[PDB]
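Below is the file model-v6.cif, which contains mmCIF, C-alpha atoms.
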data_coords
#
loop_
_atom_site.label_atom_id
_atom_site.label_comp_id
_atom_site.auth_asym_id
_atom_site.auth_seq_id
_atom_site.Cartn_x
_atom_site.Cartn_y
_atom_site.Cartn_z
CA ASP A 13 90.18 79.62 85.49
CA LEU A 14 91.32 76.67 87.61
CA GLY A 15 91.28 78.86 90.71
CA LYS A 16 87.68 79.93 90.16
CA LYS A 17 86.52 76.36 89.57
CA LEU A 18 88.24 75.20 92.77
CA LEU A 19 86.57 77.94 94.80
CA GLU A 20 83.16 76.97 93.45
CA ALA A 21 83.68 73.22 93.92
CA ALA A 22 84.83 73.81 97.51
CA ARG A 23 81.82 76.03 98.20
CA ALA A 24 79.36 73.63 96.54
CA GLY A 25 80.74 70.57 98.36
CA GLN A 26 81.85 68.82 95.14
CA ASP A 27 84.36 66.41 96.67
CA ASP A 28 85.24 64.58 93.44
CA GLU A 29 85.69 67.82 91.51
CA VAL A 30 87.99 69.31 94.18
CA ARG A 31 90.34 66.32 93.86
CA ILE A 32 90.44 66.54 90.06
CA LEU A 33 91.07 70.28 90.08
CA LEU A 34 93.88 69.85 92.60
CA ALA A 35 95.27 66.96 90.57
CA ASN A 36 95.28 69.22 87.49
CA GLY A 37 97.22 72.02 89.18
CA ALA A 38 94.66 74.33 90.75
CA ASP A 39 96.20 76.63 93.37
CA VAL A 40 95.00 75.35 96.74
CA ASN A 41 95.45 78.87 98.16
CA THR A 42 93.73 80.81 95.36
CA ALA A 43 91.73 83.75 96.68
CA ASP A 44 88.56 85.41 95.41
CA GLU A 45 88.05 89.18 95.27
CA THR A 46 87.54 89.50 99.06
CA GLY A 47 90.34 87.10 100.03
CA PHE A 48 88.29 83.95 100.62
CA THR A 49 90.27 80.79 99.82
CA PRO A 50 88.74 77.37 99.09
CA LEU A 51 89.41 76.44 102.71
CA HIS A 52 87.41 79.48 103.90
CA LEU A 53 84.44 78.46 101.77
CA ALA A 54 84.48 74.78 102.75
CA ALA A 55 84.74 75.70 106.44
CA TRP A 56 81.83 78.14 106.11
CA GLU A 57 79.57 75.69 104.25
CA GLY A 58 80.48 72.79 106.55
CA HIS A 59 82.14 70.44 104.04
CA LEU A 60 84.40 68.40 106.33
CA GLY A 61 85.81 66.07 103.67
CA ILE A 62 86.90 68.97 101.46
CA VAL A 63 88.46 70.81 104.42
CA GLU A 64 90.61 67.75 105.07
CA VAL A 65 91.56 67.35 101.39
CA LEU A 66 92.50 71.03 101.09
CA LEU A 67 94.69 70.84 104.19
CA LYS A 68 96.33 67.63 102.96
CA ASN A 69 97.23 69.42 99.71
CA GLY A 70 98.86 72.46 101.34
CA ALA A 71 96.03 74.85 102.20
CA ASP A 72 97.05 77.71 104.49
CA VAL A 73 95.09 76.92 107.66
CA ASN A 74 95.44 80.56 108.83
CA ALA A 75 94.66 82.37 105.56
CA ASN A 76 93.20 85.85 106.12
CA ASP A 77 90.48 87.36 103.97
CA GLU A 78 90.66 91.13 103.39
CA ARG A 79 89.11 91.86 106.81
CA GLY A 80 91.17 89.38 108.83
CA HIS A 81 88.78 86.41 109.04
CA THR A 82 90.41 82.98 109.06
CA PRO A 83 88.76 79.63 108.33
CA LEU A 84 88.57 79.02 112.09
CA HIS A 85 86.53 82.23 112.47
CA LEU A 86 84.05 80.93 109.89
CA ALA A 87 83.66 77.44 111.35
CA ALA A 88 83.24 78.93 114.83
CA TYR A 89 80.52 81.29 113.57
CA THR A 90 78.54 78.63 111.69
CA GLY A 91 78.93 76.02 114.43
CA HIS A 92 80.80 73.30 112.51
CA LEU A 93 82.43 71.40 115.37
CA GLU A 94 84.43 68.73 113.54
CA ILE A 95 85.83 71.37 111.18
CA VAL A 96 86.88 73.49 114.17
CA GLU A 97 88.66 70.44 115.58
CA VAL A 98 90.46 69.65 112.29
CA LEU A 99 91.51 73.27 111.78
CA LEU A 100 92.98 73.43 115.29
CA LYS A 101 94.74 70.09 114.78
CA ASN A 102 96.33 71.42 111.58
CA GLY A 103 97.65 74.53 113.34
CA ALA A 104 94.80 77.07 113.26
CA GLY A 105 95.36 80.19 115.35
CA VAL A 106 92.89 79.88 118.22
CA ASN A 107 93.18 83.58 119.18
CA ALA A 108 93.33 85.18 115.73
CA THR A 109 91.44 88.48 115.54
CA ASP A 110 89.76 90.21 112.61
CA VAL A 111 89.98 93.97 112.05
CA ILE A 112 87.22 94.46 114.66
CA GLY A 113 89.07 92.48 117.33
CA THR A 114 86.69 89.51 117.00
CA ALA A 115 88.28 86.15 117.82
CA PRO A 116 86.79 82.68 117.26
CA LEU A 117 85.72 82.53 120.92
CA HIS A 118 83.66 85.72 120.53
CA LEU A 119 81.74 84.08 117.68
CA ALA A 120 81.10 80.73 119.36
CA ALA A 121 79.97 82.44 122.57
CA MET A 122 77.70 84.90 120.76
CA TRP A 123 76.05 82.28 118.54
CA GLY A 124 75.67 79.68 121.30
CA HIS A 125 77.95 76.84 120.13
CA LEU A 126 78.83 75.34 123.52
CA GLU A 127 80.99 72.45 122.39
CA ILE A 128 83.02 74.77 120.13
CA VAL A 129 83.49 77.14 123.09
CA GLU A 130 84.75 74.19 125.15
CA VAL A 131 87.12 73.05 122.36
CA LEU A 132 88.48 76.58 121.85
CA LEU A 133 89.10 76.91 125.60
CA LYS A 134 90.91 73.56 125.70
CA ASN A 135 93.10 74.78 122.81
CA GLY A 136 94.17 78.00 124.58
CA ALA A 137 91.48 80.55 123.70
CA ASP A 138 91.82 83.86 125.60
CA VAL A 139 88.70 84.67 127.62
CA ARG A 140 89.98 88.20 128.28
CA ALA A 141 90.15 89.20 124.60
CA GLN A 142 88.16 92.38 123.93
CA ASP A 143 86.81 93.41 120.53
CA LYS A 144 86.83 97.06 119.44
CA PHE A 145 83.67 97.75 121.45
CA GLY A 146 85.37 96.36 124.57
CA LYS A 147 83.35 93.13 124.63
CA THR A 148 84.79 89.88 125.91
CA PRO A 149 83.26 86.60 124.79
CA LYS A 150 81.53 86.45 128.17
CA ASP A 151 80.05 89.90 127.54
CA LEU A 152 78.59 88.73 124.22
CA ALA A 153 77.21 85.53 125.75
CA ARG A 154 75.55 87.64 128.43
CA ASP A 155 74.19 90.26 126.01
CA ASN A 156 72.74 87.52 123.79
CA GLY A 157 71.16 85.46 126.59
CA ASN A 158 73.50 82.45 126.40
CA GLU A 159 73.61 81.92 130.16
CA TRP A 160 75.22 78.47 130.21
CA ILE A 161 78.18 79.70 128.11
CA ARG A 162 78.31 82.90 130.18
CA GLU A 163 78.60 80.88 133.40
CA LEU A 164 81.28 78.65 131.89
CA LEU A 165 83.32 81.71 130.87
CA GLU A 166 82.77 83.32 134.29
CA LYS A 167 84.32 80.30 136.00
CA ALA A 168 87.27 80.46 133.61
CA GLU A 169 87.81 84.16 134.38
CA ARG A 170 87.65 83.51 138.13
CA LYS A 171 90.46 80.97 137.74
CA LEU A 172 92.59 83.62 135.99
CA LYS A 173 91.84 86.19 138.69
CA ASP A 174 93.10 83.68 141.26
CA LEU A 175 96.31 83.23 139.24
CA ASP A 176 96.70 87.02 139.08
CA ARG A 177 96.42 87.28 142.87
CA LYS A 178 99.02 84.55 143.33
CA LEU A 179 101.34 86.36 140.90
CA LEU A 180 101.24 89.52 143.04
CA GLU A 181 102.05 87.45 146.14
CA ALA A 182 104.82 85.44 144.48
CA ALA A 183 106.44 88.59 143.07
CA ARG A 184 106.33 90.27 146.48
CA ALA A 185 107.73 87.19 148.24
CA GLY A 186 110.52 86.55 145.74
CA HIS A 187 109.34 83.11 144.56
CA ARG A 188 110.84 83.17 141.09
CA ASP A 189 109.86 79.67 139.97
CA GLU A 190 106.29 80.34 141.11
CA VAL A 191 106.28 83.61 139.12
CA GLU A 192 107.40 81.79 135.97
CA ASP A 193 104.92 78.94 136.44
CA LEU A 194 102.07 81.41 136.98
CA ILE A 195 102.94 83.40 133.85
CA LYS A 196 103.04 80.17 131.83
CA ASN A 197 99.55 79.23 133.05
CA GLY A 198 98.12 82.61 132.00
CA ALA A 199 98.59 85.06 134.89
CA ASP A 200 98.44 88.68 133.72
CA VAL A 201 101.81 90.35 134.45
CA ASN A 202 100.01 93.74 134.37
CA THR A 203 97.48 92.92 137.07
CA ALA A 204 97.28 95.34 139.98
CA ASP A 205 96.08 95.22 143.57
CA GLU A 206 93.59 97.60 145.20
CA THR A 207 96.18 100.38 145.58
CA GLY A 208 97.52 99.95 142.03
CA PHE A 209 100.72 98.01 142.73
CA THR A 210 101.62 95.62 139.92
CA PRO A 211 103.90 92.60 140.23
CA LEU A 212 106.71 94.84 138.93
CA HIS A 213 106.07 97.42 141.67
CA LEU A 214 106.18 94.71 144.33
CA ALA A 215 109.34 93.06 143.01
CA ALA A 216 111.15 96.39 142.65
CA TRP A 217 110.15 97.43 146.18
CA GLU A 218 111.34 94.12 147.68
CA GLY A 219 114.55 94.05 145.62
CA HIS A 220 113.79 90.87 143.65
CA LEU A 221 116.00 91.47 140.62
CA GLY A 222 115.46 88.16 138.83
CA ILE A 223 111.69 88.59 139.09
CA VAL A 224 111.92 92.18 137.82
CA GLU A 225 113.73 90.86 134.74
CA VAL A 226 111.22 88.02 134.18
CA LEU A 227 108.25 90.38 134.42
CA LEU A 228 109.74 92.85 131.92
CA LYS A 229 110.61 90.03 129.51
CA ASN A 230 106.94 88.94 129.60
CA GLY A 231 105.62 92.41 128.77
CA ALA A 232 105.14 94.12 132.15
CA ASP A 233 104.55 97.88 131.85
CA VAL A 234 107.78 99.47 133.08
CA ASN A 235 106.01 102.79 133.81
CA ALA A 236 102.82 101.51 135.49
CA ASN A 237 101.39 104.03 137.98
CA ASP A 238 99.81 103.06 141.27
CA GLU A 239 96.86 105.10 142.53
CA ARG A 240 99.16 107.95 143.70
CA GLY A 241 101.44 108.09 140.66
CA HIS A 242 104.33 105.96 141.90
CA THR A 243 106.18 103.90 139.28
CA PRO A 244 108.48 100.92 139.80
CA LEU A 245 111.47 103.26 139.34
CA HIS A 246 110.21 105.43 142.21
CA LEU A 247 110.17 102.38 144.46
CA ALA A 248 113.59 101.10 143.39
CA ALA A 249 115.11 104.56 143.93
CA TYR A 250 113.52 104.81 147.39
CA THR A 251 114.68 101.40 148.62
CA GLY A 252 118.15 101.72 147.10
CA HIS A 253 118.10 98.75 144.71
CA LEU A 254 120.75 99.86 142.25
CA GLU A 255 120.69 96.95 139.77
CA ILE A 256 116.89 97.15 139.58
CA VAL A 257 117.14 100.89 138.84
CA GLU A 258 119.51 100.08 135.99
CA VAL A 259 117.25 97.34 134.56
CA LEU A 260 114.20 99.60 134.68
CA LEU A 261 115.97 102.46 132.86
CA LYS A 262 117.33 100.01 130.28
CA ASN A 263 113.71 98.89 129.70
CA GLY A 264 112.35 102.43 129.18
CA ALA A 265 111.48 103.60 132.70
CA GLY A 266 110.65 107.30 132.80
CA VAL A 267 113.49 108.94 134.73
CA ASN A 268 111.56 112.16 135.51
CA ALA A 269 108.16 110.64 136.37
CA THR A 270 106.45 112.41 139.28
CA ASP A 271 103.85 111.18 141.78
CA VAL A 272 100.92 113.32 142.95
CA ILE A 273 103.25 115.16 145.37
CA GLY A 274 105.65 116.10 142.56
CA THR A 275 108.24 113.63 143.88
CA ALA A 276 110.54 112.13 141.24
CA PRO A 277 113.01 109.23 141.55
CA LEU A 278 115.90 111.69 141.98
CA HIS A 279 114.16 113.24 145.00
CA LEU A 280 113.88 109.81 146.62
CA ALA A 281 117.45 108.72 145.90
CA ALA A 282 118.82 112.06 147.17
CA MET A 283 116.64 112.09 150.29
CA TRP A 284 117.39 108.51 151.33
CA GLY A 285 121.13 108.63 150.68
CA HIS A 286 121.55 106.42 147.59
CA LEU A 287 124.57 108.01 145.92
CA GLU A 288 125.16 105.53 143.08
CA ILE A 289 121.46 105.69 142.18
CA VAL A 290 121.60 109.49 142.10
CA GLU A 291 124.53 109.26 139.69
CA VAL A 292 122.81 106.72 137.41
CA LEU A 293 119.64 108.81 137.31
CA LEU A 294 121.59 111.96 136.40
CA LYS A 295 123.36 110.02 133.64
CA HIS A 296 119.94 109.09 132.20
CA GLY A 297 118.64 112.68 132.19
CA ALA A 298 117.10 113.22 135.62
CA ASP A 299 116.03 116.83 136.15
CA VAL A 300 117.90 118.52 139.01
CA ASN A 301 115.47 121.47 138.97
CA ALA A 302 112.27 119.46 139.51
CA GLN A 303 110.42 120.77 142.57
CA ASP A 304 107.96 118.76 144.64
CA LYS A 305 104.79 120.38 146.02
CA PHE A 306 106.83 121.82 148.90
CA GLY A 307 109.16 123.56 146.43
CA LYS A 308 112.07 121.21 147.17
CA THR A 309 114.59 120.06 144.59
CA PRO A 310 116.60 116.88 145.08
CA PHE A 311 119.52 119.08 146.12
CA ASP A 312 117.27 120.77 148.69
CA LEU A 313 116.37 117.36 150.18
CA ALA A 314 120.02 116.25 150.22
CA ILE A 315 120.95 119.47 152.05
CA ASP A 316 118.00 119.28 154.46
CA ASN A 317 118.86 115.66 155.27
CA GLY A 318 122.63 116.04 155.61
CA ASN A 319 123.63 113.99 152.52
CA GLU A 320 126.78 115.96 151.72
CA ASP A 321 128.29 113.73 149.01
CA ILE A 322 124.96 113.69 147.17
CA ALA A 323 124.58 117.45 147.62
CA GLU A 324 127.98 117.93 145.97
CA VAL A 325 127.09 115.58 143.08
CA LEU A 326 123.88 117.53 142.49
CA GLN A 327 125.66 120.91 142.59
CA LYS A 328 128.15 119.61 140.03
CA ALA A 329 125.09 118.88 137.85
CA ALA A 330 123.37 122.23 138.60
#
Could I get this structure in the form of structure tokens?
Amino acid sequence: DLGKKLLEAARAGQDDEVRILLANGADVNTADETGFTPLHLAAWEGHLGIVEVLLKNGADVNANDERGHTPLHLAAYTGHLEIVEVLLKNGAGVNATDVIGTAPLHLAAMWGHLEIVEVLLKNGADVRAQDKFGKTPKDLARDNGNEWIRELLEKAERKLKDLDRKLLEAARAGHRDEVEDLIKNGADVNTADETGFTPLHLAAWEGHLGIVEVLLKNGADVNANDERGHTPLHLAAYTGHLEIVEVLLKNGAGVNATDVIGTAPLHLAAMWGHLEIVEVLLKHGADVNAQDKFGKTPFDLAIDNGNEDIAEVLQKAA
């Protein structure tokens, strides 16, 4: 019974009653049938004093209702700026998503709460977050005619695109500290250039081992395909970067991936004379019988190109 009274007092804005109920043992994190806590209801109705009292007494700032909405979602939707600021100060998750993929920034942008948008952005909100329909917050601002917010979010996305371009260049050039700084300031490790090369492609091609490792640790797709089907492992096998081959395989690289010509990493290592790489690829399950579009196996290429030691290794594995 205490829990129900606290929910109602919080919803009704009964500041004195909230304090008494808490003093008498009401559970600050009690939840109604749909998972709303007193903090949800105070944030939704705009009762700043009660929000602060609930947080002072142990309220879970990131409590989820049964569909994933947090108190920050509700304050962002209803446009309660000071409550947004208090929630964030008490640890609210600025990028939390409900079961539809909707984050607080989606709601502030859709419902035209500019100062809340600006506060969410200052607190780390992700302008690239897409809901289940594929909408970013900018998309919703545009669709709903909130042009000032749309323009603000467009500028923010253009700054991230610039960071993405610098990340490609730093990864190609081997500037490790620049790579790490760019990732920390929000560069997308899975960005790709016009031909489909990602930072991981460029680092593997240029033999930048440390950068390969940093990119994979920050979530880079080990099996990303460029526009012709080449993966990072293709490029490391071609250029002969043995340690990078081993890191890629350790991180899940597909050992038998083929480009649009049917060329696999083993073809490239055998053709270009990289014996240790051939051996590592065989150890990880490379397919000696794979034929490219010309009908050539890796053994065929080793024979055609005079790589006798490799030809013998591949016959042993026939």
In terms of the shortest atom-to-atom distance over only C-alpha atoms, which of A:144, A:220, A:134, A:154 is closest to residue A:121? A:154
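Atom pair atom CA of residue A:255 / atom CA of residue A:305 has a distance of 29.0 Å (rounded to one decimal).
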Taking all listed atoms of stretch 111-127 of chain A, build the axis-aligned box, pad each of the six sides by 8 Å, then write its centre and edge lengths in Å to one decimal as lines of an AutoDock Vina configuration file.
center_x = 82.8
center_y = 83.5
center_z = 117.8
size_x = 30.3
size_y = 38.0
size_z = 27.5
So how many Å separate atom CA of residue A:280 and atom CA of residue A:226, to one decimal? 25.2 Å
Selection in question (the file shown): the PyMOL selection byres ((chain A and resi 245) around 8). Which residues does it include, as an mmCIF file with C-alpha atoms, in the frame of the given file?
data_model
loop_
_atom_site.group_PDB
_atom_site.id
_atom_site.type_symbol
_atom_site.label_atom_id
_atom_site.label_comp_id
_atom_site.auth_asym_id
_atom_site.auth_seq_id
_atom_site.Cartn_x
_atom_site.Cartn_y
_atom_site.Cartn_z
ATOM 1 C CA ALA A 216 111.150 96.390 142.650
ATOM 2 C CA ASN A 235 106.010 102.790 133.810
ATOM 3 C CA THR A 243 106.180 103.900 139.280
ATOM 4 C CA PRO A 244 108.480 100.920 139.800
ATOM 5 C CA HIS A 246 110.210 105.430 142.210
ATOM 6 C CA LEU A 247 110.170 102.380 144.460
ATOM 7 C CA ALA A 248 113.590 101.100 143.390
ATOM 8 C CA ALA A 249 115.110 104.560 143.930
ATOM 9 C CA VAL A 257 117.140 100.890 138.840
ATOM 10 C CA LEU A 260 114.200 99.600 134.680
ATOM 11 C CA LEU A 261 115.970 102.460 132.860
ATOM 12 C CA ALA A 265 111.480 103.600 132.700
ATOM 13 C CA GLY A 266 110.650 107.300 132.800
ATOM 14 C CA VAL A 267 113.490 108.940 134.730
ATOM 15 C CA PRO A 277 113.010 109.230 141.550
#
Residue contacts of residue A:164 (12 Å, all atoms listed in the file) excluding same-chain residues fewer than 4 positions away, as a PDB file with C-alpha atoms, in the frame of the given file:
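Saved as part.pdb:
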ATOM      1  CA  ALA A 121      79.970  82.440 122.570  1.00  0.00           C
ATOM      2  CA  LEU A 126      78.830  75.340 123.520  1.00  0.00           C
ATOM      3  CA  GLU A 127      80.990  72.450 122.390  1.00  0.00           C
ATOM      4  CA  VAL A 129      83.490  77.140 123.090  1.00  0.00           C
ATOM      5  CA  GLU A 130      84.750  74.190 125.150  1.00  0.00           C
ATOM      6  CA  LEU A 133      89.100  76.910 125.600  1.00  0.00           C
ATOM      7  CA  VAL A 139      88.700  84.670 127.620  1.00  0.00           C
ATOM      8  CA  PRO A 149      83.260  86.600 124.790  1.00  0.00           C
ATOM      9  CA  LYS A 150      81.530  86.450 128.170  1.00  0.00           C
ATOM     10  CA  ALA A 153      77.210  85.530 125.750  1.00  0.00           C
ATOM     11  CA  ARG A 154      75.550  87.640 128.430  1.00  0.00           C
ATOM     12  CA  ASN A 158      73.500  82.450 126.400  1.00  0.00           C
ATOM     13  CA  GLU A 159      73.610  81.920 130.160  1.00  0.00           C
ATOM     14  CA  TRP A 160      75.220  78.470 130.210  1.00  0.00           C
ATOM     15  CA  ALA A 168      87.270  80.460 133.610  1.00  0.00           C
ATOM     16  CA  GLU A 169      87.810  84.160 134.380  1.00  0.00           C
ATOM     17  CA  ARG A 170      87.650  83.510 138.130  1.00  0.00           C
ATOM     18  CA  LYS A 171      90.460  80.970 137.740  1.00  0.00           C
TER      19      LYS A 171
END
Report the closest atom pair, with its distance in Å rounded to one decimal, for each residue of stretch 111-164 of chain A that has an atom no farther than 12 Å from stretch 89-101 of chain A; count only C-alpha atoms, sort by chain and then rising residue number, and write it as JSON lines.
{"residue": "A:114", "atom": "CA", "partner": "A:89", "partner_atom": "CA", "distance": 10.8}
{"residue": "A:115", "atom": "CA", "partner": "A:89", "partner_atom": "CA", "distance": 10.1}
{"residue": "A:116", "atom": "CA", "partner": "A:89", "partner_atom": "CA", "distance": 7.4}
{"residue": "A:117", "atom": "CA", "partner": "A:89", "partner_atom": "CA", "distance": 9.1}
{"residue": "A:118", "atom": "CA", "partner": "A:89", "partner_atom": "CA", "distance": 8.8}
{"residue": "A:119", "atom": "CA", "partner": "A:89", "partner_atom": "CA", "distance": 5.1}
{"residue": "A:120", "atom": "CA", "partner": "A:89", "partner_atom": "CA", "distance": 5.8}
{"residue": "A:121", "atom": "CA", "partner": "A:89", "partner_atom": "CA", "distance": 9.1}
{"residue": "A:122", "atom": "CA", "partner": "A:89", "partner_atom": "CA", "distance": 8.5}
{"residue": "A:123", "atom": "CA", "partner": "A:89", "partner_atom": "CA", "distance": 6.8}
{"residue": "A:124", "atom": "CA", "partner": "A:91", "partner_atom": "CA", "distance": 8.4}
{"residue": "A:125", "atom": "CA", "partner": "A:91", "partner_atom": "CA", "distance": 5.8}
{"residue": "A:126", "atom": "CA", "partner": "A:91", "partner_atom": "CA", "distance": 9.1}
{"residue": "A:127", "atom": "CA", "partner": "A:93", "partner_atom": "CA", "distance": 7.2}
{"residue": "A:128", "atom": "CA", "partner": "A:93", "partner_atom": "CA", "distance": 5.9}
{"residue": "A:129", "atom": "CA", "partner": "A:93", "partner_atom": "CA", "distance": 9.7}
{"residue": "A:130", "atom": "CA", "partner": "A:93", "partner_atom": "CA", "distance": 10.4}
{"residue": "A:131", "atom": "CA", "partner": "A:97", "partner_atom": "CA", "distance": 7.4}
{"residue": "A:132", "atom": "CA", "partner": "A:96", "partner_atom": "CA", "distance": 8.4}
{"residue": "A:133", "atom": "CA", "partner": "A:100", "partner_atom": "CA", "distance": 11.6}
{"residue": "A:134", "atom": "CA", "partner": "A:100", "partner_atom": "CA", "distance": 10.6}
{"residue": "A:135", "atom": "CA", "partner": "A:100", "partner_atom": "CA", "distance": 7.6}
{"residue": "A:136", "atom": "CA", "partner": "A:100", "partner_atom": "CA", "distance": 10.4}
{"residue": "A:137", "atom": "CA", "partner": "A:100", "partner_atom": "CA", "distance": 11.1}
Gap from atom CA of residue A:142 to atom CA of residue A:196 - Å, one decimal: 20.8 Å
On this file, the PyMOL selection byres ((chain A and resi 64) around 10) gives some set of residues; write that set as JSON, numbers by chain. {"A": [51, 54, 55, 59, 60, 61, 62, 63, 65, 66, 67, 68, 69, 71, 95, 98, 99, 102]}
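Nearest residue to residue A:140 among A:327, A:207, A:263, A:107 is A:107, counting only C-alpha atoms.
Minimum distance to residue A:44 across A:187, A:17, A:31, A:296 (counting all atoms listed in the file) occurs at A:17.
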With the PyMOL selection byres ((chain A and resi 206) around 12) as the selection, what would be picked from this file? Answer as a JSON list (two decimals) with C-alpha atoms, in the frame of the given file, please.
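Saved the output as result04.json:
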[["chain", "number", "residue", "atom", "x", "y", "z"],
["A", 177, "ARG", "CA", 96.42, 87.28, 142.87],
["A", 180, "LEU", "CA", 101.24, 89.52, 143.04],
["A", 203, "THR", "CA", 97.48, 92.92, 137.07],
["A", 204, "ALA", "CA", 97.28, 95.34, 139.98],
["A", 205, "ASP", "CA", 96.08, 95.22, 143.57],
["A", 207, "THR", "CA", 96.18, 100.38, 145.58],
["A", 208, "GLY", "CA", 97.52, 99.95, 142.03],
["A", 209, "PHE", "CA", 100.72, 98.01, 142.73],
["A", 210, "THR", "CA", 101.62, 95.62, 139.92],
["A", 238, "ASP", "CA", 99.81, 103.06, 141.27],
["A", 239, "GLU", "CA", 96.86, 105.10, 142.53],
["A", 240, "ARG", "CA", 99.16, 107.95, 143.70]]
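With all atoms listed in the file as the basis for measurement, A:183 is the residue among A:75, A:183, A:269, A:43 that approaches residue A:219 most closely.
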Contacts of residue A:194 within 12 Å, all atoms listed in the file, excl. fewer than 6 positions in-chain, as number ranges by chain: A: 171-183, 187-188, 200-201, 211, 226-227, 230
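Distances from A:185, A:19, A:315, A:278 to residue A:47 were compared using all atoms listed in the file, and the smallest one belongs to A:19.
Checking A:85, A:35, A:40, A:316 one by one against residue A:18, counting only C-alpha atoms, you find the shortest gap at A:40.
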Write out as a PyMOL selection string the residues lying within 9 Å of residue A:292, counting all atoms listed in the file and excluding same-chain residues fewer than 4 positions away. chain A and resi 254+257-258+287-288+296-298
Output file for the residues above (C-alpha atoms, as a PDB file, keeping the file's coordinate frame):
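Saved the output as selection-v2.pdb:
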ATOM      1  CA  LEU A 254     120.750  99.860 142.250  1.00  0.00           C
ATOM      2  CA  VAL A 257     117.140 100.890 138.840  1.00  0.00           C
ATOM      3  CA  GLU A 258     119.510 100.080 135.990  1.00  0.00           C
ATOM      4  CA  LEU A 287     124.570 108.010 145.920  1.00  0.00           C
ATOM      5  CA  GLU A 288     125.160 105.530 143.080  1.00  0.00           C
ATOM      6  CA  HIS A 296     119.940 109.090 132.200  1.00  0.00           C
ATOM      7  CA  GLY A 297     118.640 112.680 132.190  1.00  0.00           C
ATOM      8  CA  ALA A 298     117.100 113.220 135.620  1.00  0.00           C
TER       9      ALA A 298
END
